[PDB]
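Coming up is one lone chain in structure tokens, specifically the form deposited in one PDB entry.
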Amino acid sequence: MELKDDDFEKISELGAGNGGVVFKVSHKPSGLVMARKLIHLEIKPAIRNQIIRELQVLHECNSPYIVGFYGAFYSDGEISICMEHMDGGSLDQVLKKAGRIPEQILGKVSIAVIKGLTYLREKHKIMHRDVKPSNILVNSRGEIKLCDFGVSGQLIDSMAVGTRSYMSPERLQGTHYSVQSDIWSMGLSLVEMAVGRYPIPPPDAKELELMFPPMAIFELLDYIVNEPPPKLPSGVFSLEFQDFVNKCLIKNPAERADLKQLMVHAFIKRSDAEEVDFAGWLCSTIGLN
């Protein structure tokens, strides 16, 4: 069925940031609860046709690790992307409440991210481009899915920050970046969720004991590309997880682990095995099910 502006009805507001507003909506003719993302864009008719036509490939994006897509269209000054409503929200949202996402669970996250990235690369020849806790979605059925990946060249162009950056050193420095940049993003995301806060600058010997000031735009980006990469605090995380993130946060794109190598890493092998009630942990900490 073809999606249309007058066929929708706002329920609530799921969040916003840097270009998009997403509402929990209801598709009147189908009865389906949906998440609708609106991106306000002052765009000429000809090249918003391109964006809509380019977003049609999302119909061919089927994977348990990728958010379902229903439709995309343009309506008076906004393009609409209609996707599956994830009732658990984003990992950045569950982190606020959790305070800290346990290593066991983060392993189930890593698996999903690595499988999601892999699907997009192998079957669609695209990198994600914006991997961060807010672009990773969860639900009550325990599914962990990626959204907001780069399907549309022209939409990337049309929008082209803040004070938190998950961009790789090579991407911050120039145009010489590619799929390996997503590994850094995942790597850094996993450290953040582990310790409970954005891991740059690293916490001091006192803050380390405490848990267990805001940085300026240049101070932050300078730290990323020049000062040694963030590490997982030792002792309280397994040597398996540590090696995983360390291999992820290698500054050099070519020295850095890839999806292939990460898929067969000790931590993932260990995480595939483990019997964990994700849905249980998720709903119990966010008060849902």
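The first residue of the shown sequence is 1; numbering continues from there. If you superpose the two forms and keep the largest set of C-alpha atoms that fall within 1.5 Å, you have the rigid core.
Gap between residue 212 and residue 213: 10 or more deposited residues without coordinates. Deposited sequence between residue 205 and residue 206: no residues lack coordinates (chain continuous).
The stretch 277-285 shows the higher mean C-alpha B-factor when 277-285 is compared against 20-28 in the entry. Stretches 213-221 and 146-154 differ in mean C-alpha B factor, with the higher average recorded for 213-221. For the set 115, 129, 132, 164, the maximum C-alpha B-factor listed in the entry falls on 164. In the deposited entry, the Cα temperature factor of residue 200 sits in the top third of values across the chain's modelled residues.
When the CA B factors of the chain's modelled residues are split into thirds, the value for residue 36 lands in the lowest one.
Per the deposited record, the Cα B-factor of residue 122 falls in the middle third when ranked against the other modelled residues of its chain. Ranked by C-alpha B-factor against the other modelled residues of its chain, residue 50 falls in the highest third. When all modelled residues of the chain are sorted by CA temperature factor, residue 244 is found within the middle third.
Heads up, the form deposited in another entry isn't pictured, but that's what we're talking about next.
Once the core is superposed between the shown form and the other one, every option in 261, 246, 238, 49 stays below 2 Å in C-alpha shift except 49. In this overlay on the rigid core, residue 84 has a C-alpha that sits less than 2 Å away from its partner position between the shown form and the other one.
Once both forms are fitted on their core, a CA shift of 2 Å or more is seen for residue 153 between the shown form and the other one. Relative to the superposed core, residue 168 undergoes a Cα shift of 2 Å or more between the shown form and the other one. Whereas the displayed form keeps them at a certain spacing, the CA atoms of residue 71 and residue 60 lie at least 3 angstroms closer in that other deposited form. Relative to the displayed conformation, the Cα-Cα distance from residue 146 to residue 59 shrinks by 3 Å or more in that other deposited form.
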